[PDB]
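S.K.: here is my input, please return the structure:
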Amino acid sequence: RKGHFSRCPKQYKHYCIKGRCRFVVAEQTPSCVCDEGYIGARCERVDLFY
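M.R.: Numbering: from 1, shown residues only. Sharing the structure here:
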């Protein structure tokens, strides 16, 4: 019954232009997800032709 982390705001989305990122403080876990239809390490290109 617990839930409280930190959602990476757009002001800190420099490591992912078109992608999201969840940073867990209590559990040092800086995870960074990106739009499935995205390309590039920093998420700068896009390929969602689908």
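S.K.: what's the distance between the residue lying closest to residue 6 once chain neighbours are set aside and residue 29?
M.R.: Sequence neighbours aside, residue 23 is the residue nearest to residue 6 in space, at 4.8 Å (criterion: CB to CB, 6 or more residues apart in numbering). In short, each C-beta sits where N, CA and C put it, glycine included. Plainly put, residue 23 is 7 Å away from residue 29 if you go by CB to CB, to the nearest Å.
S.K.: go on, residue 22?
M.R.: 8 Å.
S.K.: would you mark the buried spots in stretch 10-24?
M.R.: Across stretch 10-24, burial judged by 16 or more other CB atoms under 10 Å covers 13, 16, 17, 18, 19, 21.
S.K.: ok, those residues vs residue 46, which is closest?
M.R.: residue 18 (5.9 Å; CB to CB).
S.K.: now residue 50: how far from residue 19?
M.R.: Residue 50 is 17 Å from residue 19, by CB to CB.
S.K.: in three-state terms, label residue 14 for me.
M.R.: Recorded secondary structure, residue 14: coil (DSSP: H, G, I helix; E, B strand; the rest coil).
S.K.: quickly find the element holding the spatially closest residue to it that is not a sequence neighbour.
M.R.: Once flanking residues are discounted, residue 14 sits nearest to residue 42: 7.8 Å by CB to CB, 6+ apart. Using DSSP states H and E, residue 42 falls within no helix or strand.
S.K.: tell me how many other residues surround residue 42.
M.R.: Neighbourhood size, residue 42 [other CB atoms under 10 Å]: 15.
S.K.: number the residues from 43 up from this point.
M.R.: Understood, numbering begins at 43; the last thing we discussed is residue 84.
S.K.: any idea how far residue 69 is from residue 44?
M.R.: On the measure of CB to CB, residue 44 and residue 69 end up 11 Å apart.
S.K.: now the common contact residues for those two.
M.R.: Overlap of the contact sets of residue 44 and residue 69 (by CB atoms under 8 Å, 6 or more residues apart in numbering) is empty.
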